[PDB]
RNA sequence: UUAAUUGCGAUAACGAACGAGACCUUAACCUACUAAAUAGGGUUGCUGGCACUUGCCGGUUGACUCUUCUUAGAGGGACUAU
Ligand SMILES: [Mg+2]
Ligand SMILES: [Mg+2]
Ligand SMILES: [Mg+2]
Ligand SMILES: [Mg+2]
């Protein structure tokens, strides 16, 4: 007997976007075909991670500078959900790049 | 561990760089071409695209085995957490890195530079890519520095599609007189480019309209009524 | 429920969110009477739409504007835009098309950004200088 | 005179009948006349405003700079010296004070006074760098009306600042007295003095 | 012979995009809904006070792209708007708030047809489909049968055909150069009317409903019998057309030609008037062309909409 | 400073040559036509193509032109 | 003619390639969509003060509801359009 509502909460992470977006699409499609109550795939400010460096390794030349960056997207979600179907959902449909974390909200 | 998400992502990136430089250092003689890191909740698999798959595999699959332990020894991963997979490259012609390593190896044997480079570019054209370039700089048979370019087809230099299609590799070759820089640029065919745009930005494809005969002017028609 | 609509106005960062209801001529920005905007000289500007149309235009209306961001002049201009946009939105939605028409005519007939947002927005600073289009200095010798 | 009840009580002078837009609720643009027939259409007294500060796009196009209210151009040109480049609030307060002073000195509703001062101090002839290297000369050239307006504003504000520098007298009042001198032909004004000097140099080098 | 000449009375303005469609509520005389490229449906009250014939009432914001066709409800309280923002919108004409947003097309929508009385919704769209919606928002039927964009679907009026039929017939057209009329309950295909040498842009049935007219680029107007299932006549406008509207009482046909408006007396098969109003500063090639037409219930007033963002009223007064 | 370089003009000219009966004086309609009937990567290029096609439609309506 | 070897064209030149553009990031516009206690808002509880007329200004992981504002995806929007 594992009927207790779990309030399970997922949080995604991805350097890129489309993999994260399709992962979220898969998670929501699985939850809805499983008849679950969800708080939608909320959108969080994609944290830009910036580093500005000098191009020249020696400092000679006109001052020229460049800005590398990533843009990380988190977009957590959360379900009012039982265990076994949901934990199985968590352990399925992961592609590389996207990192998934689960907290039970115990 | 309890580590900020941004810090963890940077750590994953620098770990990716770890493995990439590792494989370039060691597996070069076996024809290393690229690395990928895929993670399941269970294990973190490392997928190693190489030219000569068996030599990377080694005798009776021993070689792969040792590499795994090195990783688990170097990066403190527990036994069985990470496994290694060897696959043949889809096609060695397209992967510029394999071509550049082939260049370096063929020079190591002391081959004709122009002959070797033209063999490489001909192989690239044979592989179906729509443009190749190989650049060699250094002490070409002399003391004064030189830099000759050997190109065919055509290559685009500017515009974000440069990253979208054109693969590029650079290698240093150790000859008795010093170091020779080789740069390989391969412009992948947009038609067969997965995971990205299927054509160049300015490639306009007009579609042929199907034709019909217009003589049927009056042509009263009737269907049977349907519920 | 009470006919009520919500609008916004901006100035480069400053955002004024205005909620307008069918009330009794209640005009508060940040929960304070509109007479008390600190610029004190830009003060007439916060009145500025009203005097164009005449406050009698909103005697059965109440406006509350919460405003954040920006500096001060930006804040005041955002408040102005919020007020004008709220008047226009309410009158268009519940009163009549022609009413909104003379309101738009009066607003646009004076300091066009009073109704329309200003798109004039700062751009990033390139390297090599103190400003986006400034260079440090050169020696030559 | 017809006050309207609301939940918030707008003060007397602001709420009474003010569909008669005034500069600072004090001075009216009506009755303001442009003497010289040229500089009309180059001063925007036709447009009534309630503050002398309206941040609009008045410099992107070739000639929209003329649509600026004249008082705002004066304000924006008060702030010189580099250090005080911004702080428009300071400039608008100074100009408001100066309008009050002009209201004191010769009641004549001040906007007419400042417009007349602008008209008078414009140099109708200028000089130009023409002499080539060796036999340098000073050529006499006619001037643009818009340039006359802009030049008048610049010389007025320059005179005001130079009068106020390290001086007990304040910028507002120094500007006011310069405007008073410039409404007439009072050569005590620095602005008209420089205008005369420029006119004379142009004339002597016809 | 038939000395009845209509004259313009005034103009209706307020749209900032082309007057794409008009629609008159049967029950209410002075009500007129007009859609524009400005994405804003304007409801007009007709006033007999002065030169302005009609006066706006409510503007219906809620459309992000072009509004193409407009249809009013039977009572005069709802109106359906077809838009290029990939949706349909149903509006209450008193409050002014849309309550239904019909979603599901892939090519942007072009045409709307109201039910006979109230129950169903008929929409045409570039996605080569015709959608039969309910009043709340769900799509019940997805009619297929056109390879190209369907330009317009209009419900065939049911005058007296049988007392009761339990069936609602309508018509559809597009660039397939074939006109497919349909029946609705259940609600399946029926006959094709292949007549057009160049593609059709507008079809609008006669007020009785047994007759319909189609026209397009070629300038040929094919007028057709619905129940009799026979081609009636083939006029030619000698010019590209935009809209055709049947007059209610007269046996007439207004047509929105590229140059002006051609009125045909169908019984005599002869045109009786051209509409070419005056504009200033238009060098004979930038003449705004009519793209919306509407005949009021009496049939004595015509409402037209050009690209000049103008809606004109043509009062049909007798010239003795 | 807009002059609409070779690619837009050539693609447009082809579109006229192939579909003149299917083009109109309008931009929006011609925009959707060119989007549907040809594959254009970036929508800015598609808008430019539609604009040139509309200009050519207006030119033809005024009078036949070379090329 | 354009900012452009950018085009109109004229043409012992013809067709092609790079560069420019095209392209990507960002900035702006989306009362259209998708949603949101890690962002907000309305109503409504329970409370604090004042005016006492039911009005304001407040507080409050209470309840309900909403997404204009804040987010970020899909997209829409301009191409010199008229
Ligand atoms: Mg290029
Ligand atoms: Mg600076
Ligand atoms: Mg570029
Ligand atoms: Mg929003």
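Protein chains in written order, with the deposited numbering: chain U, 15 to 120; chain D, 3 to 229; chain Q, 3 to 143; chain F, 22 to 227; chain g, 3 to 164, 167 to 189, 192 to 326; chain R, 2 to 68.
C-beta: ideal position from N, C-alpha, C; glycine also.
Interfacial residues, the segment 87-105 of chain Q to chain g, with Cβ spacing under 9 Å: 94, 95, 96, 98, 99, 100, 102, 103
Just grab the DSSP bridge partners of residue 95 of chain D for me. BP columns for residue 95 of chain D are empty, so no partner.
Who are the near neighbours of residue 196 of chain F in its chain, counting only those whose CB is closer than 6 Å to its CB and skipping five residues on each side? 119, 181
Below 9 Å between beta carbons is the criterion; list the residues of the segment 185-211 of chain D that meet it against any residue of chain R, in chain order. Listed in sequence order: 199, 200, 201, 202, 203, 204, 205, 206, 207, 208, 209, 210, 211.
Leaving out five residues on either side along the sequence, give the residues of the same chain with a beta carbon under 8 Å from the beta carbon of residue 130 of chain Q. 137, 138
Consider the Cβ of residue 51 of chain R: report whether some Cβ of chain D lies at a distance smaller than 9 Å. Residue contact with chain D for residue 51 of chain R: absent (no Cβ-Cβ distance below 9 Å to any residue of chain D).
If you pair each beta-carbon of the segment 33-46 of chain Q with each one of the segment 7-22 of chain Q, do three or more pairs fall below 8 Å? no
Does any C-beta atom of chain F lie closer than 9 Å to the C-beta of residue 27 of chain Q? yes
Taking only beta carbons into account, state which residues of the segment 148-170 of chain F come closer than 7 Å to chain Q, listed in chain order. none
Neighbouring residues, chain D, relative to residue 29 of chain U (Cβ below 7 Å): When 7 Å is used as the limit between beta carbons, residue 29 of chain U is near these residues of chain D: 11, in chain order.
Taking Cβ-Cβ distances below 7 Å as the criterion, which residues of the segment 194-218 of chain g are in contact with chain D? 194, 195, 196, 197, 198, 199, 200, 201, 203
Could you tell me whether any non-hydrogen atom of ligand 3 is closer than 8 Å to the CB of residue 161 of chain D? Distances between the C-beta of residue 161 of chain D and the heavy atoms of ligand 3 include at least one below 8 Å.
Which one of D:142, D:138, D:167 has the shortest CA to CA distance from residue 119 of chain D? D:138
Segment limits, alpha helix (DSSP H) that includes residue 35 of chain R: 29-38
Chain F residues whose Cβ lies nearer than 9 Å to that of residue 47 of chain Q: Within chain F, the residues near residue 47 of chain Q are 71, 72, 74, 75.
Ligand 2 and residue 104 of chain F: does the residue's C-beta get closer than 8 Å to at least one heavy atom of that ligand? no
I'd like to know whether the C-beta of residue 113 of chain U is nearer than 9 Å to at least one C-beta of chain D. yes
Please decide whether residue 5 of chain R counts as near chain D, where near means a Cβ-Cβ distance under 9 Å. no
In angstroms, rounded to a whole number, what distance separates the CA positions of residue 227 of chain g and residue 186 of chain g? 21 Å
Below 8 Å CB to CB, which residues in the same chain sit around residue 203 of chain g once its five sequence neighbours on both sides are set aside? 181, 224, 226
Considering just the uninterrupted stretch of the beta strand (DSSP E) at residue 134 of chain g, what are its terminal residues? Looking at the DSSP string, the run of the beta strand (DSSP E) that includes residue 134 of chain g is 132-135.
Which residues in the same chain as residue 51 of chain R place their Cβ atom closer than 7 Å to its Cβ, once the five residues preceding and following it in sequence are excluded? 28, 31, 32, 35
Taking Cβ-Cβ distances below 8 Å as the criterion, which residues of the segment 127-138 of chain Q are in contact with chain U? For the segment 127-138 of chain Q, the beta-carbon criterion of a distance under 8 Å to any beta-carbon of chain U is satisfied by 129, 130.
May I have the straight-line CA-CA distance separating residue 4 of chain R from residue 207 of chain D, to the nearest angstrom? 22 Å
Taking Cβ-Cβ distances below 9 Å as the criterion, which residues of the segment 57-75 of chain g are in contact with chain Q? Residues of the segment 57-75 of chain g that bring their beta carbon within less than 9 Å of a beta carbon in chain Q comprise 57, 58, 59, 60, 61, 63, in sequence order.
Spatial distance of residue 30 of chain g from residue 40 of chain Q (CA atoms): 54 Å
Give me the Cα-Cα distance between residue 226 of chain D and residue 157 of chain g, rounded to the nearest whole angstrom. If you take the alpha carbons of residue 226 of chain D and residue 157 of chain g, they lie about 20 Å apart.
Close Cβ partners of residue 109 of chain Q (< 6 Å) along its chain, the five nearest in sequence each way excluded: Same-chain partners within the cutoff: 86, 116, 117.
Count the other C-beta atoms from every protein chain shown that fall within 10 angstroms of the C-beta of residue 41 of chain g, then say buried if there are 16 or more, exposed otherwise. buried
Just tell me which of U:118, U:65, U:33 has its CA closest to the CA of residue 183 of chain U. Outside the modelled stretch of chain U, which goes from 15 to 120, sits residue 183 of chain U, for which no answer is possible.
So, are the CB atoms of residue 33 of chain D and residue 52 of chain D less than 9 Å apart? yes
Since residue 64 of chain U meets chain Q, which of its residues come closer than 8 Å, beta carbon to beta carbon? Within 8 Å Cβ-Cβ: nothing; residue 64 of chain U doesn't reach chain Q, min ~12 Å.
Which residue spans inside the segment 145-190 of chain F form an unbroken alpha helix (DSSP H) run of at least 4? 166-185
Status (buried if at least 16 other CB within 10 Å, exposed otherwise) for residue 77 of chain D: The residue is exposed, with fewer than 16 neighbouring Cβ atoms inside 10 Å.
For the segment 52-67 of chain F against the segment 52-60 of chain Q, do three or more pairs of beta-carbon atoms, one drawn from each stretch, fall closer than 8 Å, so that the two count as touching? Cβ pair count under 8 Å is below three, so no.
Run through chain D and tell me which residues come within less than 9 Å of residue 19 of chain R, C-beta to C-beta. 208, 209, 210, 211
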